Each structure stands twice: as structure tokens, then as C-alpha cells.
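Listed below are the residues making up each chain.
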Amino acid sequence: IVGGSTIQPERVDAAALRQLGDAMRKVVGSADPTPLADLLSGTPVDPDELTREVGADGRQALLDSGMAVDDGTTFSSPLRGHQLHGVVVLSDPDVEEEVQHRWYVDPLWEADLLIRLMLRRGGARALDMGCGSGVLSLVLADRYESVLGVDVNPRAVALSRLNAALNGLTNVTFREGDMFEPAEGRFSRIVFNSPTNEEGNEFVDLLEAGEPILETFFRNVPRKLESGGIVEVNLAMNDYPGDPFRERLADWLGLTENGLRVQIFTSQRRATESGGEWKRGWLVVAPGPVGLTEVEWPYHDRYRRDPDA
Ligand SMILES: CN[C@@H]1[C@@H](O)[C@@H](O[C@@H]2[C@@H](O)[C@H](O[C@H]3O[C@H](CN)[C@@H](O)[C@H](O)[C@H]3N)[C@@H](N)C[C@H]2N)O[C@H](CO)[C@H]1O
Ligand SMILES: Nc1ncnc2c1ncn2[C@@H]1O[C@H](CSCC[C@H](N)C(=O)O)[C@@H](O)[C@H]1O
Ligand SMILES: [Ca+2]
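Residues numbered from 1 in each chain as written, not as in the entry; some residues may be left out. Chains lettered and ligands numbered in written order. Heavy atoms only, no water. Residues with missing side-chain atoms left out of burial classes, pairs and counts.

1. Thoughts on the domain arrangement of the protein
So the rule is basically this: Here the bounds of each domain stem from an automatic or database domain assignment. Buried area: the sum, over both parts, of the accessible surface (1.4 Å probe) that disappears when the two are put together. Each reported salt bridge corresponds to a side-chain nitrogen of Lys or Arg within 4 Å of a carboxyl oxygen of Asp or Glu. Per the convention used, a helix needs a DSSP run of H or I reaching at least four residues, while a strand needs a run of E reaching at least two, with both numbered from the N terminus. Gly falls in the polar group here, along with every residue not listed as nonpolar (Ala, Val, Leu, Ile, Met, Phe, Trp, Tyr, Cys, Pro) or charged (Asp, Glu, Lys, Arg).
What the domain assignment reports for the protein is domain 1 (1-105 + 153-169) and domain 2 (106-152 + 170-309). Averaged C-alpha coordinates put domain 1 and domain 2 at centres separated by 28 Å. For the pairing of domain 1 and domain 2, the buried interface totals around 2,100 Å² over both sides, and the portion due to carbon and sulfur atoms is 65%. On the domain 1 side of the interface with domain 2, the three residues burying the most area are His85, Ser160 and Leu169, jointly 27% of the side's total. Between the two partners, domain 1 and domain 2, sit zero salt bridges. In terms of residue count, the dominant contributor to the side of domain 1 that touches domain 2 is helix α6 (residues 154-166) (eight residues). Class assignment of the residues belonging to the side of domain 1 that touches domain 2 gives a composition of 15 nonpolar, nine polar and five charged.

Pasting the structure below:
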């Protein structure tokens, strides 16, 4: 079972964690792997080689934080390292559904793609709903005065805090709780890699929570969004005969009454028995003329071709 390991960033001082993050930046994803990179790839490593790379302080920080365990003659990690978009990120390894713990954390299935879709603006306060590993909060940190990540998964909150500390971030904080309950005030930026995929209307688990998590999200967006702000959502969308997703969405958002502008970029789609349709896409609220517009943009295909678009 993968996804239940204990993660305790509070056991390591800020400087040591930043130093481990600097060490990860040097080697994670590099062509010449080092013991630290091997460790964060799932390979057991010789602790003496590790000590020479990250120091005795660093070695102990790996243990104290839960980034590594001493198996006896080797160190191993339950987590996997990533370097993307100027940040380093730990998350769970990508593993089949049947072996995931209740508190398994999105192993960055779509994060790299989603960061490339995100608008380059900045502002005052940003909110990452369902922050998971924290990855999207990390990239927002440069251009928002404050970034708040929220998750109902307490292990995600700890891992997000660890990742913020690895990257040396000061303005990124995380809170455990249910949707907007821990997010006070208004935000100029809200991002949400939503836990929706093939489950339709019914909650399965924290990574496939059902259409009701989108309903809660969009019903509360207007009272949580600063005027002229931006909302960005990765979501699965189910169209049923006579009952398209976009109509329920407009109702949740109060879209016309609030004068919001919304665009849905549909990338993937699968026709369903009934002639309805399943879609995966990217939903944006941004300043513009009131209304909802739907466009086809196969950004998954383009991304597989060449990410730099
Ligand atoms: C936070 N939003 C995410 C959302 O981005 C979406 O992610 C999808 C992944 O699930 C899927 O992974 C599946 O195939 C893997 C092997 N390739 C197995 O290892 C995984 O276990 C197995 N689940 C990816 N191949 C494609 C992704 N689009 O759906 C998530 C809920 O399922 C949802 O929470
Ligand atoms: N009711 C709820 N409130 C807050 N987060 C929730 C929630 N229900 C599910 N989630 C969280 O939504 C997250 C989606 S996975 C996305 C993680 C990260 N933003 C990334 O892009 O990689 C999960 O961590 C899951 O625990
Ligand atoms: Ca599952």
C-alpha cells in the first residue's frame, strides 16, 4: 500500500530543508544521477555516499522529515522527486489504483501540463484548492504576495509544507480542511486541479470525489473571488442528453447574473452510450464579456508532441 507514509517537515529547521532542496535542484532529473537523485527515484542508496553529498545534517534531515528511512544497510524513500518550472517537488510514486492509500497524493499526473496552461499574471492573494503535493502553490509563489493551499488530506498538507520549505518559500502556507472552509477572505487567483475523472456524480475517494465537489467549488467561487480575478480548473465534465455540463456550471456560478466570463477548453472526449459525452478540459474565469464559450483545444495531444506550447 502506497500513500500512507508519515511526513513531518516540522522536525527539520528551515535552513536544512532549503539546503536539501538546493541539493535536489542540482541532481533531480540530471543525466549523471547522484545518491540523492537515486534515493528520490526509488532506489536504495548507501548512506555514506549520501552523507558525502548532503552532509551528516542533511542525512539526518532526510530521516527526521520522513523523506527517507534507514532500512539497515541502505536508505530508501517512499517519495519521488521532480524538477519542473523552476521548483523541486516530492510526491508519491505513480502506482495503480488498487494499491493507493486513502491519503495517496497525486503523483503529478497533470501538474506539468497544467502549469503550462496557467496564465502568467500576478496579484495579491492566490488560492490552490486541493493542493496535494503543493506543486501549483510553488509556481504561484513568485508573483503573488501570498499563496494559500488547502487540502482535506492531512498528509497532502504536510507534504505541501515540506515542498514549500524545500524551495525556500516564505509566502506559501497550507491549511487542512474541507474546500473553502479554511480559506478566509477573497483571492485574486484560484486554481483547482480537481479530483474528477471517471466517477460521474458519485464520490469514490479523495482523487475521484464526484461532480458535487465541482458544484461546491463553483457555487462558492463568486464570494471567494476578488473582482476581475482569475479561476483556473482542470476537470472532467459529463454531458448527458438534454443536460450538458455547461448548463449546470452556469447555474452554479450564477454566471450571467454575476457578469462573469468563462471559457472551457475541451481537450479530450469520449462519446457515451446515450449520445452524451465525457470530456476533460480546462475551465477559466477571467475578465471579459459576460458569458460562457466552449472551444476545442487538444492540448494533451500538443503536449505529448512538444510540451513547450
Ligand atoms: C487531480 N486531478 C486528477 C486528474 O488529473 C486525472 O488524472 C488522470 C490519472 O488518474 C491517470 O492515472 C491513471 O493511470 C496511471 C498510469 N498511467 C495509473 O498509475 C493511475 O493510478 C491511474 N489513475 C493518468 N494516466 C491520466 C490523468 N489525467 O484524474 C484523477 C482521478 O483519477 C484526478 O484526481
Ligand atoms: N473536500 C475537499 N477539500 C479540499 N481538498 C479536497 C477535497 N476533496 C478532495 N480534495 C483534494 O483535491 C486534491 C486534487 S489532486 C491535485 C493536487 C495538486 N493540486 C496537483 O495539481 O498535482 C487532492 O489532494 C484531494 O485530497
Ligand atoms: Ca482511486
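2. With respect to the UniProt feature "binding site: Mg(2+)" (unreviewed entry) in the protein
Heads up, the rule is: UniProt positions are given in the numbering used here, feature names are shortened, and annotations may be inferred rather than shown by experiment.
Under the feature "binding site: Mg(2+)" (unreviewed entry), the UniProt entry names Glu97 and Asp205. These annotated residues cover 109 residues of sequence, but their C-alpha atoms sit close together, with the largest distance between any two at 10.8 Å. By the secondary structure assignment, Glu97 is in the loop between β4 (87-91) and α4 (111-117). Position of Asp205 among the secondary structure elements: in the loop between β8 (187-193) and α7 (211-224).

3. Observations concerning the coordination of the calcium ion (ligand 3)
Our working rule: Each metal site is built from N, O and S donor atoms within 2.8 Å (3.2 Å for Na, K and Ca), and since water is not included, such sites may look incomplete.
Here the calcium ion (ligand 3) is held by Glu97 (OE) and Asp205 (OD), and the distances to it run 2.3 to 2.4 Å. In this pair, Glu97 sits in the loop between β4 and α4 while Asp205 sits in the loop between β8 and α7, placing the two residues 108 residues apart along the sequence.

4. Focus on α6
Spelled out, the test is: What a helix should span is 1.5 Å times the count of its residues minus one. Buried means the residue's accessible area, taken with a 1.4 Å probe over protein chains only, is under 20% of the maximum for its type, while exposed means over 50%, and partly exposed covers the values in between. Every residue pair with non-hydrogen atoms within 4.5 Å of one another is taken to be in contact. As used in this structure description, the phrase polar contact means that two N or O atoms lie within 3.5 Å; if the pair is within protein, one of them must be able to donate a hydrogen and the other to accept it, and residues adjacent in sequence are counted only when both atoms belong to side chains.
Look at α6: 18 Å from first C-alpha to last across 13 residues, which is about the 18 Å you get at 1.5 Å a residue. When you tally the buried positions in α6, you get 11 out of 13 residues, the bulk of the element. Burial in α6 covers these residues: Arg155, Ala156, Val157, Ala158, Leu159, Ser160, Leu162, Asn163, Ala164, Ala165 and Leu166. Taken together, the buried residues of α6 touch α1 (14-27), α3 (47-65), β4, α5 (135-140), β6 (144-151) and β7 (172-176). In this structure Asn153 caps α6, since a side-chain oxygen of it lies 2.8 Å from the backbone nitrogen of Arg155. Where α6 terminates, the next one or two residues include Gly168, which has phi positive at roughly 70°.

5. With respect to the side chain of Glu232
Among the secondary structure elements, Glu232 is positioned in strand β9 (residues 225-239). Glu232 gets classed as buried once you look at its relative accessible area, which sits at 0%. Excluding residues within four positions of it along the chain, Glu232 makes contact with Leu117, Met118, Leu119, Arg189, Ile190, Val191, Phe192, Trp282, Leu283 and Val284.

6. Observations regarding the UniProt feature "binding site: Ca(2+)" (unreviewed entry) in the protein
Mapped onto the present numbering, the UniProt feature "binding site: Ca(2+)" (unreviewed entry) falls on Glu97 and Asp205. For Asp205, a relative accessible area of 30% puts it in the partly exposed group.

7. Details of the site of ligand 2
Note the cut-off: One heavy atom within 4 Å of a molecule or strand makes the whole residue count as near it. Only the protein chains shown count as covering a residue, and every accessible area follows the Shrake-Rupley method with a 1.4 Å probe.
Neighbouring residues of ligand 2: 18 residues in total, closest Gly130, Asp151, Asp178, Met179 and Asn193. In this structure, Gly130 approaches ligand 2 through a main-chain N or O atom, which is 2.9 Å from a nitrogen atom. A distance of 2.6 Å is found between an oxygen atom of ligand 2 and a side-chain nitrogen or oxygen belonging to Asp151. Across the complex, the protein chains shield 96% of the 580 Å² of accessible surface that ligand 2 would expose by itself. Considered class by class, the residues forming the shell around ligand 2 number nine nonpolar, five polar and four charged.

8. So, the site of ligand 1
As a structural note, the neighbourhood of ligand 1 is formed by 17 residues, with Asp94, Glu97, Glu110, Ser194 and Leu207 the closest of them. Backbone polar atom of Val95 to an oxygen atom of ligand 1: 2.9 Å apart, as the coordinates give it. Within the side chain of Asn197, one N or O atom sits 3.3 Å away from an oxygen atom of ligand 1. Within the complex, 73% of the 640 Å² of free accessible area of ligand 1 lies under protein. Its residues assigned to classes, the shell around ligand 1 comprises four nonpolar, six polar and seven charged.

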